[PDB]
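Those protein sequences? They're chains A and A', same order as listed. A prime marks a further copy of an entry chain. Using the deposited numbering, the first residue of the first sequence is number 2, and each one after it goes up by one. Using the deposited numbering, the first residue of the second sequence is number 2, and each one after it goes up by one. Beta carbons are placed, not taken as given, at the ideal position from N, Cα and C, and that holds for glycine. Structure first, commentary second.
Protein chains: 2
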Amino acid sequence: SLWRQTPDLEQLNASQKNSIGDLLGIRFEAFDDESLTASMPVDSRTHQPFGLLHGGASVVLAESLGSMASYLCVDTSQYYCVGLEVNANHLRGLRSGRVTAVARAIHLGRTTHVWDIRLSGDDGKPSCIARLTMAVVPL
Amino acid sequence: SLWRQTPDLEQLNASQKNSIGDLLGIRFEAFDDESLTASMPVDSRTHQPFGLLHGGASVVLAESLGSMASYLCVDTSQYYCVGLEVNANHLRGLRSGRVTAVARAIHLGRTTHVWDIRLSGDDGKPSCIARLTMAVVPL
């Protein structure tokens with residue numbers, strides 16, 4: 002419904018080869034008519050030096066997810082999307098397991114998109130909330 | 002001047018072992034009485050799928066830098082610091098070389114710190130600006 006290109010999880014995952022998403026183990030996991038979901042491990046790849054998930058790593062997941070969501074909503078023969086502004090509140094710390102992010106659209110304008118991204122650890126409690134603004138740019 | 006603990010670059014770098022900073026090649030490079038500086042490579046470790054520096058990777062650098070700056074400003078026998086809020090504007094894209102971030106203090110309160118972090122690529126042009134709010138928490 003939201004999407005122009007039907008999300009293809011194998012393709013989304015494969016496209017991360019030789020980029021930070023592959024390095025951190027980001028996995029696109031699910032989608033429906035209103036949302037796209039990806040998760041990331043909480044381990045030495047994504048920890049800060051004190052053994053907690055790095056707040057920046059939460060932002061990598063959020064921006065990977067939202068950037069991919071934008072790509073799936075534009076005419077990619079004419080436009081590309083790049084991150085313009087990002088913000089996040091770090092709500093709860095995580096030490097292990099996986100962190101899961103779900104992106105939903107706030108506004109898909111002609112020149113900007115705004116995404117709402119909610120993250121939680123395996124206990125299901127909110128761990129981070131992010132908002133991402135993407136610029137839509139002529140190819 | 003700003004610092005409680007004198008910054009020790011070897012220690013800052015060594016402390017990143019088995020965390021995302023080591024994985025992405027973040028290197029603490031310089032400091033003075035008012036600032037702390039670190040850089041990060043722009044390559045396959047930090048690219049997004051289109052060959053540009055991942056906006057989230059800029060945020061990892063900014064939050065690594067600011068979190069370390071906070072650690073150097075508090076009494077670590079009584080307090081620790083964790084990221085509370087982060088935001089960034091993505092100004093210019095980068096494809097290669099290194100990205101360098103400089104952190105300066107905006108406010109060091111008793112319960113929160115606010116850091117200004119400016120990033121630029123090797124051409125010296127501003128590429129990202131971030132602002133980070135850390136919570137100061139009793140050990």
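Between which two residues does the alpha helix (DSSP H) containing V100(A') stretch?
The count along the second sequence starts at 1 and reaches residue 100(A') at position 99. Counting along the chain, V100(A') falls outside any alpha helix (DSSP H), though it belongs to the beta strand (DSSP E) covering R99 to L109.
Could you list which residues in chain A have their beta carbon closer than 7 Å to that of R46(A'), in chain order?
On the second sequence, position 45 is the one that residue 46(A') refers to. Per Cβ cutoff of 7 Å: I21 and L24.
With a Cβ-Cβ cutoff of 8 Å, do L92(A) and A58(A) count as a contact?
Taking the first sequence and counting its residues from 1, one reaches residue 92(A) at position 91. Taking the first sequence and counting its residues from 1, one reaches residue 58(A) at position 57. No; because the gap between Cβ atoms is not below 8 Å, this pair is not in contact.
Are the beta-carbon atoms belonging to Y72(A) and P139(A) less than 8 Å from one another?
Mapped onto the first sequence, residue 72(A) falls at position 71. Mapped onto the first sequence, residue 139(A) falls at position 138. No, the pair does not count as a contact, with Cβ atoms beyond the cut-off.
Between which residues of its own chain and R119(A') is the CB-CB distance below 6 Å, once the five residues before and five after are set aside?
Here residue 119(A') is taken as the residue at index 118 of the second sequence, counted from 1. Excluding positions up to five away in sequence, the list reads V103 and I130.
Applying the 10 Å Cβ sphere with the 16-neighbour rule, what's the burial state of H55(A')?
The residue labelled residue 55(A') in the question sits at position 54 within the second sequence. With 16 or more Cβ atoms within 10 Å of its Cβ, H55(A') is classed as buried.
Look at the alpha carbon of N19(A') and the alpha carbon of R111(A), and state the distance between them as a whole number of angstroms.
If you number the second sequence from 1, residue 19(A') lands on position 18. If you number the first sequence from 1, residue 111(A) lands on position 110. Answer to the nearest angstrom: the Cα atoms are 42 Å apart.
Quick one: what's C129(A) bridged to in DSSP?
Counting from one through the first sequence, the residue named residue 129(A) turns up at place 128. DSSP, once it has assigned bridges, lists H91(A) and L120(A) as partnering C129(A).
How many angstroms separate the CA atom of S45(A') from the CA atom of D23(A')?
For the purposes of this step, residue 45(A') is taken as residue 44 along the second sequence, with counting starting at 1. For the purposes of this step, residue 23(A') is taken as residue 22 along the second sequence, with counting starting at 1. Going by the C-alpha atoms only, they are around 15 Å apart.
Please go through the same chain and pick out, in chain order, the residues whose beta-carbon is closer than 7 Å to the beta-carbon of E64(A), but skip the five residues on each side of it.
Taking the first residue of the first sequence as 1, we reach residue 64(A) at position 63. Result list for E64(A): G84, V87 and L133, in chain order.
Leaving aside the five residues before and after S2(A') along the sequence, list all residues of the same chain whose C-beta is less than 6 Å from its C-beta, in chain order.
Mapped onto the second sequence, residue 2(A') falls at position 1. Contacts found: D34.
When DSSP builds the beta bridges, which residues end up paired with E86(A)?
Position 85 of the first sequence, counted from the first residue, corresponds to residue 86(A). Note: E86(A) sits in a beta bridge opposite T134(A) and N90(A').
Spatial neighbours of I27(A) within its chain, please: C-beta separation below 7 Å, excluding the five flanking residues on both sides.
The residue labelled residue 27(A) in the question sits at position 26 within the first sequence. Within the same chain, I27(A) has close Cβ partners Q17, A39, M41, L62 and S65.
Run through DSSP, which three-state label would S78(A') get?
For this step, residue 78(A') is matched to residue 77 along the second sequence. Coil at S78(A'), not helix or strand.
From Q49(A) to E11(A), what does the alpha carbon distance come to, in whole angstroms?
Start at 1 with the first residue of the first sequence, and residue 49(A) comes out as number 48. Start at 1 with the first residue of the first sequence, and residue 11(A) comes out as number 10. Distance between the alpha carbons of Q49(A) and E11(A) is about 29 Å.
When DSSP labels each residue in this structure, what does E35(A') get in the three-state scheme?
In the second sequence, residue 35(A') corresponds to position 34, counting from 1. It is coil, neither helix nor strand.
Would you mind listing the beta strand (DSSP E) stretches within the segment 12-73 of chain A that are 3+ residues and don't spill past its ends, in chain order?
28-32 and 36-42
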